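Bear in mind these aren't lab numbers, they're just calculated from the coordinates by the rules spelled out. Cβ: placed from backbone, ideal geometry, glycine included. Neighbour counts: every protein chain shown.
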Amino acid sequence: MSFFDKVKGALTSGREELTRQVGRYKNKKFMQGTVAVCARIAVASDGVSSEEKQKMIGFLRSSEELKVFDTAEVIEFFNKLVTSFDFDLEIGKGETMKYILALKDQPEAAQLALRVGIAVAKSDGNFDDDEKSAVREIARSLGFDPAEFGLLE
């Protein structure tokens, strides 16, 4: 009872019900995490992920759910994971999970989504290299460590 859900952008009231209730669960990976994995295998694209989507589940633990209300922000993560995962299964959920938590602005987390764009042509060949100069502007634009990641784990 937790797999593909023709979500493509729309799921159970989990957005307003599971996030607003988060004020007593803190476990975002529980419902929303089991959801991300629903996408990792439904990517329908031609690559699939596993270690990348799992990483996103951790983001859920820190997802925007921190507020415990913006239901539109919750579906924002699964909605993008289900519809956006048809290209960069591993890279798609890797940066997207960033704009949900980051959001501090909007174009910074999306900027990474742009290099991921090169992955659209390289769903598994490019990306993970600009993330270094990107975190520099991301950590500063949002407020994290001024450059110091570069995925490539």
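For the reader, a short list of remarks on this structure follows.
- Net charge of neighbours whose Cβ lies under 15 Å from the Cβ of residue 16, counting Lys and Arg as +1 and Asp and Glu as -1: -1
- Only helical runs count toward this figure. For the chain, summing -39,500 (n - 2.57) over DSSP H runs of n ≥ 4 and dividing by all residues gives -14500 deg cm²/dmol at 222 nm.
- Formal net charge of residues neighbouring residue 148 (Cβ-Cβ distance under 11 Å; K, R +1; D, E -1): 0
- The ellipsoid equivalent to the alpha-carbon distribution of the chain has semi-axes of 23, 19, 12 angstrom, derived from the gyration tensor eigenvalues as √(5λ) and listed largest first.
- Unsatisfied cross-links (Cα-Cα over 24 Å) in the set 26/53; 6/26; 8/122; 29/132; 28/98; 53/80: 6/26; 29/132
- Charge context of residue 116, other residues only, Cβ under 12 angstrom, K/R +1, D/E -1: -4
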